[PDB]
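Residues per chain, in single letters:
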Number of protein chains: 6
Amino acid sequence: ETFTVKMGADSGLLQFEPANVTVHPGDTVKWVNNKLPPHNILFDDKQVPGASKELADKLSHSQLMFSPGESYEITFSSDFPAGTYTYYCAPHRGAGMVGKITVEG
Amino acid sequence: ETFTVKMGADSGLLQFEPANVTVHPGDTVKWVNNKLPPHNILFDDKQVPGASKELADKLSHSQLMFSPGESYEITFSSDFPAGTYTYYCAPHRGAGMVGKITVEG
Amino acid sequence: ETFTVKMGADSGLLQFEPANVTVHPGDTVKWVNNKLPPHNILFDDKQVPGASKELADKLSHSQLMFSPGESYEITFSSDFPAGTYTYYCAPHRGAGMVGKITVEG
Amino acid sequence: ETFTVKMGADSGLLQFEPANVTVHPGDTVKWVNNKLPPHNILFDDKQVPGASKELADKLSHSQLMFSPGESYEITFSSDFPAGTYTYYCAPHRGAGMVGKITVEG
Amino acid sequence: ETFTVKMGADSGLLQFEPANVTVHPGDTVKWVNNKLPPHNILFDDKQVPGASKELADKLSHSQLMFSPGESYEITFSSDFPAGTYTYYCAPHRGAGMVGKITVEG
Amino acid sequence: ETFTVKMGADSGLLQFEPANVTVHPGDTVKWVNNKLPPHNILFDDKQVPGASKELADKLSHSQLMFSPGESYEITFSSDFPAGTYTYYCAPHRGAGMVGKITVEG
Ligand SMILES: [Cu+2]
Ligand SMILES: [Cu+2]
Ligand SMILES: [Cu+2]
Ligand SMILES: [Cu+2]
Ligand SMILES: [Cu+2]
Ligand SMILES: [Cu+2]
Ligand SMILES: [Zn+2]
Ligand SMILES: [Zn+2]
Ligand SMILES: [Zn+2]
Ligand SMILES: [Zn+2]
Ligand SMILES: [Zn+2]
Ligand SMILES: [Zn+2]
C-alpha cells in the first residue's frame, strides 16, 4: 500500500497529516509538500529501531522542499526493522511539527 | 560482553562451542580456532536480519584459519539489526558445523 | 520485469538456462537452483562495465547453494552501469558453466 | 580530464562558473571556493539520474566552505550513471546559484 | 575506554571539554550536551584520515541537539583508520568551538 | 609508479616475484599471472594496517586467475594507511607462496 502524509495541513497548521501512521512490511509512505513551506523530514539516530544512525541518515530528507507537490517516498521493505520511527521538520520544530511511523512486524 | 565461541569442541567434535549464543547490542563475539582445523565463519545473505547481502559479506570470514589461537571478533554495534544470525563452516558443513547468534533489542 | 535463470538445465546439463539474457534498467534477474548442485554466481572484476571490482564483489554470490529452489535476485536499478556482465559457476567452471547479462541503456 | 568550477564568479556574482558542464566517464569536476563565501554543493534525490537518493547523498557536500581555495572533487567513474545532475548552493539558493553537470555515455 | 566530552564547558564557554582527546582502537567517545545549546558534531571530508568523505559523513551528527543529557557515541573499531579527526559545532563555529580526536594505532 | 609482481617465477617456482615490495603513496602494484596457475591474492583481516577487515576484503582478489597475462592492480592512494600488507595464494599456501607490501608514509 501507499500512505500519503501531507506536510502542512489544509487548515494552514504546521503539522504532518496524518501525524501518526501504522505501516506493514512492504508499504510505502509518501510525503507531499502541501502548505507553508519549506519542510524536511529528519530522523534522529535514537528515534529509529535499534538506534541505528546509519538507518536514520538514509531515511532523513535533510534538504528543504519548497514547491507544492514535491514528494519523498520510503518503501519499508523486509530490510527495515519493526518499531516506531519518530521524525520532525527542522524549520518548524518549535511549532511541534513532529511525526511518527509505526512498522508492525 | 565478550562471548567466546570455540571452533571445534575439546571433545574433538566438529562443532561451535557454544552453538547458540544470545548477544546484546555492544557485545562482542569472539571465535577462537580450537580443534581440527581449518574452519571459517560464513553467513548467507538470507540467514541475517533483513536478508542483507551487504551485511552478510561483512560478517563472513571466508578465509580459512589453520593455527590454534587465531581469532575473529564481531562487535554487534547499533549499526547491526536485531534478530538471529545463522552461520556455518564450509569445510565441515556436511558434519553439521552450524552456529546461531541471536541479537536482542 | 523478472527474468528467471535456472542453474542447471532440465536436460541435466551443467549450464545456466538461459545462458544469455538482455535486461532493461529496473528489470530483475532471478537465479534458481535447479539441477546438479552446488552452484554459485561469480562476476570477475574485469567482466563488468568499467572493470569495477567494487561492483563485481556486490553482485557475486560466492557462497555455494545446495538445496533446489534457493534463489538469488539482482535488480539492475539506475545505479548499475549499462553493458555486458559475464559470470560463472566456480565448481562447474571446467564444464563451461558460464553466463552473460546485457543491460541496455 | 579535470573541469574546474568556481563557486562565485570573478565579477562578484553568486554563481557557479561555469554553470553548465559536460563531462565524459572518467573526467573529474573540481569546485573551488572563489568569491563571497560560504558555499556548498547539494544534489537533490530527484535531480540525479534514476532519482537515486543514495547517489545524491554521496555527491552532496552539505558542509559549508569558507576559506578561498577549498576544493571538492568528484571523479565520475563507471559507477556513476549517465544523465544530467542538477545541484545548488543552499545559502545562495534565492540568488539562483544553481549548477548542472551532464555526463555523456 | 569510554571518554566523555562535554559540549559546552561548565564555565559557560562555547567549547568541547576536553578539546583534544587521544583514543585507542575499540574505545568509545561520548559527547554529552551540557551548556548553551544547540550543538552538533561535524567532521569535514578533509579533516579525517585519508580524506574519506564516506567516513566523515558517518561520524557527523549533523542534527542539532537541544536538551541537556542528549548523547552521541562513536566506538572507534578496527574499521576506523588511525590518525587525527578534527570536528566542529556549526552554530558556534565563529566562537572557535572546535575539537580533535587522535586515534593511536 | 607501477611495480609489477609476477605470480609464479620464471624458474617455475610457486612464488611472487618480487616477494617483498616497498611502495609510496600513489604508486600502483600490478600482479601478472605468469607460471603454474591458478593463483589469487588474499589479504587476511589481521595482516593489514589496523587489522581492518573492510580494508582486507577490498584488496583481496578471492577469485582464481588461470590465463597468463591476467592482471590485478591496486593503486595505494592517500586513502590507504601506511604499514605492511601481507598476502598469500590460497591454492599454493602450503608451498609458501606468500608476499608482502610495505607502504611508506
Ligand atoms: Cu515544516
Ligand atoms: Cu570447521
Ligand atoms: Cu554450477
Ligand atoms: Cu553559494
Ligand atoms: Cu556548539
Ligand atoms: Cu599460487
Ligand atoms: Zn542524535
Ligand atoms: Zn544466498
Ligand atoms: Zn580479476
Ligand atoms: Zn528531494
Ligand atoms: Zn569539504
Ligand atoms: Zn582473519
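Analysis parameters
Residues numbered from 1 in each chain as written, not as in the entry; some residues may be left out. Chains lettered and ligands numbered in written order. Heavy atoms only, no water. UniProt positions renumbered as here; feature names shortened; annotations may be inferred. Helix = DSSP H or I, 4+ residues; strand = E, 2+ residues; numbered from the N terminus. Donors = N, O, S within 2.8 Å, 3.2 Å for Na, K, Ca; no water. Buried < 20%, exposed > 50% of the residue type's maximum accessible area, 1.4 Å probe, protein only. Polar contact = N/O pair within 3.5 Å; in protein donor to acceptor, adjacent residues only side chain to side chain. Contact = heavy atoms within 4.5 Å. Pairing = 2+ DSSP bridges. Buried area = accessible area lost by both parts, 1.4 Å probe. Salt bridge = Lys/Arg side-chain N within 4 Å of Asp/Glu carboxyl O.

- The record lists X-ray crystallography as the method behind this PDB entry and 2.8 Å as its resolution.

- As annotated in the PDB entry, chain A carries the name PLASTOCYANIN and is attributed to Phormidium laminosum.
- Here the PDB entry title reads "PLASTOCYANIN FROM PHORMIDIUM LAMINOSUM".
- Recorded under Cofactor, the UniProt text for chain A is reproduced unchanged: "Cu(2+)".
- Per UniProt, the comment on chain A under Sequence similarities is "Belongs to the plastocyanin family."

1. Focus on the UniProt feature "domain: Plastocyanin-like" in chain A
Argument step 1. UniProt's feature table lists "domain: Plastocyanin-like" at residues 1-105 of chain A, given in the numbering used throughout.
Argument step 2. The straight-line gap between the two end C-alpha atoms of residues 1-105 of chain A is 15 Å; of that span, 7% is helix and 43% is strand.

2. A closer look at the coordination of the zinc ion (ligand 11)
Argument step 1. Around the zinc ion (ligand 11), the protein supplies D:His61 (NE2), E:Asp44 (OD) and E:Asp45 (OD) as donor atoms, at distances of 1.9 to 2.4 Å. Taken as a pair, D:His61 in strand 6 (residues 61-65) and E:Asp45 in the loop between strand 5 (39-43) and helix 1 (53-59) lie in two separate chains rather than in one. The two residues D:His61 and E:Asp45 agree in class, both being buried.

3. Here's the deal with the side chain of C:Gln63
Argument step 1. Position of C:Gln63 among the secondary structure elements: in strand 6 (residues 61-65).
Argument step 2. On the basis of relative accessibility, which here comes to 12%, the residue C:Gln63 falls in the buried class.
Argument step 3. Within polar-contact distance, the side chain of C:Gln63 engages the backbone oxygen of B:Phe43 at 2.7 Å.
Argument step 4. Excluding residues within four positions of it along the chain, C:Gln63 makes contact with B:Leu42, B:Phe43, B:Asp44, B:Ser60, B:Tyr88, C:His39 and C:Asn40.

4. Some details on the pairing of strand 1 (residues 2-7) of chain C
Argument step 1. Both strand 1 of chain C and strand 4 (residues 28-33) of chain C contribute to a ladder of 6 bridges, which runs parallel. Among the inter-strand pairings, C:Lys6 is bridged to a residue of strand 4 of chain C, identified as C:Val32.

5. Details of the interface of chain B and chain F
Argument step 1. Facing 10 residues of chain B, the contacting portion of chain F comprises 11 residues.
Argument step 2. Roughly 740 Å² of surface becomes buried between chain B and chain F when both sides are summed, with 30% attributable to carbon and sulfur atoms.
Argument step 3. Seen at the junction of chain B and chain F, the total is 1 salt bridge.
Argument step 4. Across the pair F:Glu54 and B:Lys58 runs a salt bridge whose closest N-O atoms are separated by 3.6 Å.
Argument step 5. On the surface where chain B and chain F come into contact, there are 8 residue pairs in polar contact.
Argument step 6. Counting residues per element, the ones that place at least two in the side of chain B that touches chain F are helix 1 (53-59), strand 6 (61-65) and strand 7 (71-75) of chain B.

6. Regarding the environment of A:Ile41
Residues and elements named next belong to chain A.
Argument step 1. Its place among the elements puts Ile 41 in strand 5 (residues 39-43).
Argument step 2. Owing to a relative accessible area of 0%, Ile 41 belongs among the buried residues under this scheme.
Argument step 3. The sequence separation of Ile 41 and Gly 94 amounts to 53 residues, and the corresponding C-alpha distance is 15 Å.

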